[PDB]
Amino acid sequence: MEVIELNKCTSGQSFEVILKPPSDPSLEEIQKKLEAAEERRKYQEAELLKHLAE
Amino acid sequence: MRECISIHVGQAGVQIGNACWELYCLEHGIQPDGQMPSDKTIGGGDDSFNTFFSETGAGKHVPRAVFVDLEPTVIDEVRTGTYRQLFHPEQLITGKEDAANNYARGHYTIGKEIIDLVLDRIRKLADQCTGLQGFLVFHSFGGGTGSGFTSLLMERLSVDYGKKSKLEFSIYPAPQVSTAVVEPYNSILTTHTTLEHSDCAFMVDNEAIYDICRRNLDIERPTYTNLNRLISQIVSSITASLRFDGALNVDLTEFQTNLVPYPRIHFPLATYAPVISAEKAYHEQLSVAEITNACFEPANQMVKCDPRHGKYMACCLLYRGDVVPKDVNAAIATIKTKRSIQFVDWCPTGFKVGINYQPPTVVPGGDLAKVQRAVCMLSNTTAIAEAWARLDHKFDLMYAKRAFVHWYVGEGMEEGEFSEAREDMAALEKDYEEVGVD
Amino acid sequence: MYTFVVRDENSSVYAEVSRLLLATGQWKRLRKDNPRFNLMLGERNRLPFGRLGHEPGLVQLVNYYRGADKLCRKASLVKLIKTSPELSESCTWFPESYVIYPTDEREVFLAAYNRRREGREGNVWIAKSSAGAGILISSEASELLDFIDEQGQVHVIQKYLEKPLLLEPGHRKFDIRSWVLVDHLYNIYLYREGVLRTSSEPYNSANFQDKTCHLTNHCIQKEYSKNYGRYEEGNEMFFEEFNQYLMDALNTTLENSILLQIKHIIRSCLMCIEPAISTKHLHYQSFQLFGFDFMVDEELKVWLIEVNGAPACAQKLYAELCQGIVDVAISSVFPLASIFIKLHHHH
Amino acid sequence: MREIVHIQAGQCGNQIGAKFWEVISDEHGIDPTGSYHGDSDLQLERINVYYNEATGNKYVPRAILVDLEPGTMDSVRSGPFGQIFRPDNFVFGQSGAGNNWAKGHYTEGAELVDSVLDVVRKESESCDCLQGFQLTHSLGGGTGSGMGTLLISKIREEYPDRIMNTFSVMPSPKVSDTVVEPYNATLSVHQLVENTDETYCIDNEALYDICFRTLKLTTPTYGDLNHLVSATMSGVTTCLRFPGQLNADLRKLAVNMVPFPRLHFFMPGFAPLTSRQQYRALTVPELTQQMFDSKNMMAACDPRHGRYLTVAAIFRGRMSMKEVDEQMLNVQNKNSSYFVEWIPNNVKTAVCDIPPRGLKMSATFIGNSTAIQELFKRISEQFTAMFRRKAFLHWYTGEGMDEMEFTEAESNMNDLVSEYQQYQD
Ligand SMILES: Nc1nc2c(ncn2[C@@H]2O[C@H](COP(=O)(O)OP(=O)(O)OP(=O)(O)O)[C@@H](O)[C@H]2O)c(=O)[nH]1
Ligand SMILES: Nc1ncnc2c1ncn2[C@@H]1O[C@H](COP(=O)(O)OP(=O)(O)CP(=O)(O)O)[C@@H](O)[C@H]1O
Ligand SMILES: Nc1nc2c(ncn2[C@@H]2O[C@H](COP(=O)(O)OP(=O)(O)O)[C@@H](O)[C@H]2O)c(=O)[nH]1
Ligand SMILES: [Ca+2]
Ligand SMILES: [Ca+2]
Ligand SMILES: [Ca+2]
Ligand SMILES: [Mg+2]
Ligand SMILES: [Mg+2]
Ligand SMILES: [Mg+2]
């Protein structure tokens, strides 16, 4: 049961009590993911219109 | 002094954000018009509260906050609400149609077209900082925007602000206050793509807030206002060290250092006490030992689980009010001899403690009663993985039938992203078991 | 109309409980994966406790205590007794035991072993484990340890009771099985009815190679014993006959000489882990049936052998007990439109 | 500002549409001349969803009345709220469709569809943000059936990313106009499986039985049937016309109710349904027992024959929101064998303070139940009964159709039934 690093100031205080010792994707890569999804949306919209055209 | 930028995304993030800033102003003596009498350095200064507020020549204190929602009806509340004068229009960003509880829609479809706009409005705030620490990102797991657009925002923030820290405050889906069925999908999609971009996340389970409101406040059917005023107290206790003088958790980096020794296991459990009803005749003021002891009762945790059957990796005690280190240790000693507190063998069995003498501020006319002392315990338990198990299980029930998947594929997401996300959560559940079980 | 689900088809006990619930016409059984249940008769291994208590407006109850394995595992029980101050290492009703991996208590076991061998004391130990049907009795430490290395699971070596209480006629060993029910409020109900699983072979202290006269398990006596069913039907004597015998032979009663100690042991063990398994302030409720196994020496001192987490029952007592399980454990949480002994204690 | 463009086609579609605009106009405080005369701000909070705002604070419905004969639309224009509809929104021909799907879809209808889309385009171009479209029509006639599905198909072409929702009246021999109704209904159902996101299935037989057995009406009229559709249409559209987060817009509702794209046919339900013992207050338990009772449902299908994929309930009035949750959770927990276990929490409840006219409190039910296959089976059986003999086909081949198109539609609907079945197990 030890208290360490007791820091006191006008508005409060903080300390530590030990009870026992121990024992990314780039900007280009994101535009490609975003544009890939946009493309698949465009493809599924083309098939819809092509189906309505028929 | 270093600045922190708060980002609020979706209905949940925006409404919770509105509640916190209402509370920050009451705490720092700020008025709805932005004036702060106690601030004697007019038009500038590097006080602790300046990490969350900027200052104009007229003496206004402006939150370092951004509100992003793909639909205007909620942010419109802020524009005309009580604190309309605090934020300038650039800080409030809205689309015209929401994501429809569809992660793919908020991340791919609508997110793609509004991402650059948000990043810019954030760049504007960053340009007013002399030493930005990072961001605080509020959002919901279930919402199409809260989930889908946030993960994209996190990915870009890691690109534009690599060395900056990012904390989350995420709302875990609960059926009692939700009307969306696909929230398990969104929760796991967003946790997969956001995991590597978040240094520390505080999950709040609406089921936990709901029960606390029904049990401790005696609200028969709690509203979002009830849930948010309580959530903002917990948030205030967590951000208090960034806004007030102190030596514990004085920057966003110290949150990872003190609470997340393993990067993927960065979901500390939050426990708060006391929560007393303001309608009560008059409550007996609880002691340091009693409120501290309450921190190990499951009934006041932000996520329902059983820490008795996990292992702690870290533990912070944040007190506000009349508390002294003498009474803290006295209570902690008494709790070790009664409670079941097993730490991981590669971590010390210790408690970092912070005390702020200013007791919790309560919104006038709110549901919470004024108390002379309160505490919020931040402990990293493997038991919070129960929240993943539940969520992951609901995901498996629907996905086995491919239910609702067509809505996501229709927005441009590949079906493989579902399994790739689930395979990651399966990996996440294993890391928790490898650390906490024998 | 309450609802329950079954997830352990191999449980004779709760299979009879599921039959009684349906008989009342006020309980409805659902599919094993339907989450909208009031009661769960859960699986023995890896019961998903994390998913209990998260159904709006459903009070959910389960027939197992998360963490009770600490008491129902061979090596776990030894670790619990030596470390828990409420039981202390000097516990007087549990045989000297040691956890031996194939931390580890090898050198501590040999130390106490060497002390007995030097002091002319009876040095007969028994090695066992949880992964058994796999037991070995020997007075040589070399054989015990060598037997454990041949396997691959944790074992326990505890002192063998060389002076057991021998029933007459027959000169035969035995063990007492007590069924104990713990409800959601952590009340401890001892079933008034117990059973002695007796050995049909005369006890022989000069031959630990034939394990039929030393092991009182019901399966071993019915397979390797040739006098099965001679003295009592199925090598099962019940408390009525056992009490009459103690009065004719020893001039005492089963209550005074044994039951008081059994009730004490049951309390001490369960009260110990109450903080770790209590569901008092939890989002779900738990109850569980336990099977305590005791030994009795010729001095009339009771010894705790093990604790079963999913115990079966004696055929003649399934009705009374299972019905009692519904009265105190299930219908107390879900009331409908004593055979137990309450062991009071301080919560 | 999330606007909806309403379309009503054919005789049935227009008589029901007229009553719908009559019912909600009263709820939002709009009078027959379009002048607001309410007393609550909740009335106008979402009024732009269905009403355009013109000069003089006049609210004009965003409805487009369509037909191939003038007869019915002349009744609407002479009806109680006829003067409230935009005069330009009346698009009609003179030939009629003679209860012939092929006429409304391929011949007479095609001649008129272009001018309808000109009005649709006119209304969309003034919407700040268009949610989607809702169409009212019968499937057993010619105009609302043949031309109605023609509009949906052409509206989807021009607005492929907008929600298309319809209230569809299914024909029943008990309430029949002609014997060809099975033919027309079968041909439309295939159009709907393809080109709608949500279709409220309204069976005239259920509406009849309810009027005879429950409402105790000796001889029910089409007007009496339409009173039930009015009340139901007002109920389902409450979440859209008043403030709320549950099923707020049309897309969120479709996302939470439609797990699979082709299984988007709902069973509506309403409570109470009382005969003239009509002033008695109705408690929350009674609203829930009746709301889930098959007798209170309008698809003529016993839900106990199938399983609910998802359920949406809306309670209107000043009541115990706590008592609502307790009763709704009682029905799920006491009949869980009728809810798919592989969709967690598939029963969402919404509450609204404003009750319908002349009622303390009411409840509307929207179920995506696999029992709906019983409805499509009836149609498919009546269809095949005549089609195996090629009876009455000449009316259709004489309009350019080939028998092959009938065989295809038959197969498409039988597939739709086989799809509901595999999810019911
Ligand atoms: N605690 C709390 N939870 C909220 C609040 N608002 C919404 N939620 C929860 O958030 C989840 C839905 O997410 P939303 O925020 O509504 O969705 P969104 O971010 O607006 O994204 P969209 O789909 O485009 O609307 C549900 O589980 C709600 O229970 C709030 O104000 N407080
Ligand atoms: N220390 C000891 N001294 C004397 N006998 C012992 C003993 N340990 C075990 N036994 C004998 O072993 C039998 C029980 O063995 P144990 O309970 O350890 O294995 P097990 O768990 O597979 C049987 P069960 O679970 O049914 O009680 C008893 O009948 C007892 O006679
Ligand atoms: N519920 C209801 N059904 C109707 C009404 N009018 C016609 N129907 C039904 O609709 C079918 C006839 O279609 P109808 O609308 O008259 O054909 P259309 O004018 O060419 O579109 C038959 O099944 C009728 O029973 C009505 O006012 N209410
Ligand atoms: Ca200043
Ligand atoms: Ca980073
Ligand atoms: Ca012509
Ligand atoms: Mg929203
Ligand atoms: Mg055993
Ligand atoms: Mg007609």
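FYI, residue positions are counted from 1 along the chain as it appears here.
For this deposited structure, the header notes the method as X-ray crystallography, 2.7 Å.
Cβ atoms here come from the backbone N, Cα and C positions, even for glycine.
Annotated features in Swiss-Prot:
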type     : residues                                                     : note
BINDING  : D:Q11, D:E69, D:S138, D:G142, D:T143, D:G144, D:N204, D:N226 : GTP binding site
BINDING  : D:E69                                                        : Mg(2+) binding site
CROSSLNK : D:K58                                                        : ubiquitin cross-link
CROSSLNK : D:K322                                                       : ubiquitin cross-link
MOD_RES  : D:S40                                                        : phosphoserine
MOD_RES  : D:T55                                                        : phosphothreonine
MOD_RES  : D:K58                                                        : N6-acetyllysine
MOD_RES  : D:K58                                                        : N6-succinyllysine
MOD_RES  : D:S172                                                       : phosphoserine
MOD_RES  : D:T283                                                       : phosphothreonine
MOD_RES  : D:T288                                                       : phosphothreonine
MOD_RES  : D:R316                                                       : omega-N-methylarginine
MOTIF    : D:1-4                                                        : motif 'MREI motif'
Pairwise C-alpha maximum, in angstrom, for the residues (D:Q11, D:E69, D:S138, D:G142, D:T143, D:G144, D:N204, D:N226) that bind GTP according to the record: 23
Cα-to-Cα gap, D:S40 (phosphoserine) vs D:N226 (GTP binding site), nearest whole Å: 28
Nearest of the recorded positions (D:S138, D:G144, D:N204, D:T288, D:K322) to D:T55 (phosphothreonine) - Cα to Cα: D:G144
Among D:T55, D:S138, D:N226, D:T283, D:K322 (the recorded positions), residues with Cβ under 8 Å to chain B, listed in sequence order: D:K322
The one of D:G142, D:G144 whose CB sees the fewest other CB atoms within 10 Å, among these binding-site residues: D:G142
Fewest Cβ neighbours within 10 Å, where candidates are the recorded positions D:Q11, D:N204, D:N226, D:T283: D:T283
Residue among the modified residues D:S40, D:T288 whose Cβ has the most other Cβ atoms within 10 Å: D:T288
Nearest of the recorded positions (D:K58, D:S172, D:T283, D:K322) to D:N204 (GTP binding site) - Cα to Cα: D:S172
Among D:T143, D:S172, the one of these recorded positions whose Cβ has the fewest neighbouring Cβ atoms within 10 Å: D:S172
Neighbour tally for D:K322 (ubiquitin cross-link), based on other Cβ positions within 10 Å of its Cβ: 13
For the motif 'MREI motif' (D:1-4), the number of residues DSSP places in helix, strand and coil: 0 helix, 2 strand, 2 coil
Integer Cα-Cα distance in angstrom, D:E69 (GTP binding site) to D:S172 (phosphoserine): 23
Listed recorded positions with Cβ under 6 Å from ligand 9, out of D:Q11, D:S40, D:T143, D:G144, D:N204, D:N226: D:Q11
